[PDB]
Amino acid sequence: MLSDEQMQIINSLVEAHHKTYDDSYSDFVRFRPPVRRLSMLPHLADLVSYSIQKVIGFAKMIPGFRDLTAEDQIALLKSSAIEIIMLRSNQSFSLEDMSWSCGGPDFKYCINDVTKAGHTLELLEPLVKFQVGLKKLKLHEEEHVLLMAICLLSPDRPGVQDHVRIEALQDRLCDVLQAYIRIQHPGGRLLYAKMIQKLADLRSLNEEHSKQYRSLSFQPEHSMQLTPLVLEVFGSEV
Amino acid sequence: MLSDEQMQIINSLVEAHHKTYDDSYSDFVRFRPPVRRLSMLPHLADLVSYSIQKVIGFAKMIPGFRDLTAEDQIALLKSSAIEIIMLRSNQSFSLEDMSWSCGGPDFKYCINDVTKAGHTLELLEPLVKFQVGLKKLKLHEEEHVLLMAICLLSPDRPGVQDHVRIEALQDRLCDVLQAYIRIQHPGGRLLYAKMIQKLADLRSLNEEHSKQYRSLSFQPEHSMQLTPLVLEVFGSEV
Amino acid sequence: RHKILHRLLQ
Amino acid sequence: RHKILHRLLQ
Ligand SMILES: C=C1/C(=C\C=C2/CCC[C@]3(C)[C@@H]([C@H](C)[C@H]4CC[C@@H](C(C)(C)O)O4)CC[C@@H]23)C[C@@H](O)C[C@@H]1O
Ligand SMILES: C=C1/C(=C\C=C2/CCC[C@]3(C)[C@@H]([C@H](C)[C@H]4CC[C@@H](C(C)(C)O)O4)CC[C@@H]23)C[C@@H](O)C[C@@H]1O
């Protein structure tokens with residue numbers, strides 16, 4: 001069975017995620033509205049900016065993260081933010097419509113919408129298949145949040161100084177997860193390895209997105225539609 | 001009477017302004033919506049960004065401007081943009097409501113709205129009185145656009161290299177204006193000097209706004225709400 | 001620089 | 001730098 005430290009970690013991560021994920025999606029009206037060249041870019045830029053703020057808020061509540069150096073926190077966030085957004089977005093994703101539904105049909109994004117923000121099927125098809133594969137895993141809340149925290153704490157990001165400590169935190173989390181699946185997830189025998197596979201997938205998605213983003217943000221007429229925060233976080237200026 | 005060069009200049013400036021000022025204000029729906037800390041800042045940031053794009057489009061069609069060096073064009077724009085926005089905004093201003101009406105009441109901005117984007121009465125009261133004084137001048141279209149072009153071409157901006165040429169263009173415009181008022185504006189005997197006074201007022205408004213903007217943009221939690229273009233243009237990084 | 005990031009990390 | 005400005009001035 002699980003320990004009270006592991007349990008407290010789970011409770012912390014769940015509370016953190018609840019504090020930074022709004023299931024009402026009521027904030028979305030504050031974004032530059034959707035439009036259907038690159039009509040969806042203002043809206044999706046605002047969406048992603050909002051989401052980065054959320055990921056930061058979540059990371060600050062991961063046990064041990066805000067004990068890391070500001071440099072390490074920044075490096076971990078700049079490397080992982082896009083992956084955590086991809087992960088956390090599964091919660092609004094639907095196997096039925098094969099797309100993300102955040103309230104009304106105004107805030108319902110299919111592949112074409114994201115095409116209208118500069119991206120290609122080389123990213124969007126793998127992204128969608130990742131979403132579907134991940135949704136079919138039917139993770140518990142506890143597992144979802146543990147996976148985000150784990151993704152965030154990978155020490156093999158560029159720019160990371162304290163490899164050993166970061167890897168320590170990450171390991172503690174992985175033990176928490178493996179134990180949780182052992183004791184609490186019936187028929188979850190094969191689950192942990194699948195989740196780890198999903199982290200690898202995220203690395204590939206990150207790679208592709210970073211190329212396409214590099215393409216987009218190199219054109220001033222498109223980058224001007226981005227937000228300051230997006231520009232900072234996805235920027236290369238570390 | 002006026003000459004065909006002066007007349008062609010007037011025709012050019014009018015066509016330019018018509019091409020860059022949308023009287024329907026139909027683009028406003030694309031902005032982050034208004035809200036009534038600093039609730040109005042996202043909306044007014046988008047409004048101003050949009051407007052800067054417009055001022056740039058207008059300047060590119062001023063006779064002689066796009067023959068200046070990129071450095072001089074940038075310097076003139078960074079120094080004058082806020083003033084041209086203040087000037088061009090008179091077209092939506094109303095003496096009745098003492099505020100700017102751009103279609104529906106959603107896009108109707110009074111002093112309080114602009115207070116909710118970080119500014120104080122030290123700027124807003126002079127700005128409003130400037131708007132009212134300028135509106136009471138009842139300028140012709142031709143005079144309005146000439147005044148914008150003239151404001152844009154002041155060579156006594158910081159960063160300006162080719163003082164003599166810029167001052168030449170500006171002088172030609174001023175002759176165009178003075179003649180226009182002479183021949184075409186009944187009872188406009190005192191008008192030119194009043195308009196020149198309004199340019200001075202704009203300098204004071206610019207001064208105050210630049211201080212308050214410096215204040216705002218120094219706080220990351222507010223500057224993150226600004227747009228890339230706004231940050232560039234009002235930025236000090238020339 | 002990372003002004004906004006620093007800020008948001010309190 | 002003025003990337004956006006340069007761009008917009010064609
Ligand atoms: C971001 C979230 C949600 C959806 C995320 C989506 C669906 C729309 C398209 C998104 C934003 C992808 C695209 C590729 C984004 C990533 C960055 C952005 C730009 C800057 C245009 O490259 O494009 C990433 C996750 C994709 C909705 C909801 O679950 C909240 C979650 O944080
Ligand atoms: C900008 C325009 C219009 C209104 C302009 C207004 C009314 C709302 C408040 C504004 C935008 C002022 C405030 C002070 C702006 C200037 C910059 C901006 C920030 C960045 C918040 O300081 O605040 C400048 C002119 C003021 C409407 C319409 O006439 C188009 C015109 O271009």
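These residue numbers are counts, starting from 1, taken along the chain as shown.
Recorded method is X-ray crystallography, 2.1 Å.
Here the Cβ of each residue, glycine as well, is placed from N, Cα and C on the backbone.
According to Swiss-Prot, the feature motif '9aaTAD' maps to residues B:228-236, out of the candidate ranges B:57-65, B:120-128, B:228-236. B:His119 (calcitriol binding site): 22 other CB atoms within 10 A of its CB, across all protein chains. When the record's calcitriol-binding residues B:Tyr21, B:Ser51, B:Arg88, B:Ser92, B:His119, B:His209 are compared pairwise by CA position, the greatest distance found is 25 Å. Proximity to chain A, defined as a CB-CB distance below 8 A, holds for none of the binding-site residues B:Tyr21, B:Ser51, B:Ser92, B:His209. Separation across the 60-residue hole in the deposited chain, B:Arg36 to B:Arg37, is 10 Å (Cα atoms). Annotation for B:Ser92 (calcitriol binding site): spatial neighbours B:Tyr25, B:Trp100, B:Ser101, B:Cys102, criterion Cβ-Cβ under 8 Å with sequence separation of six or more. Other Cβ atoms within 10 Å of the Cβ of B:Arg88 (calcitriol binding site) number 21 in total over all chains.
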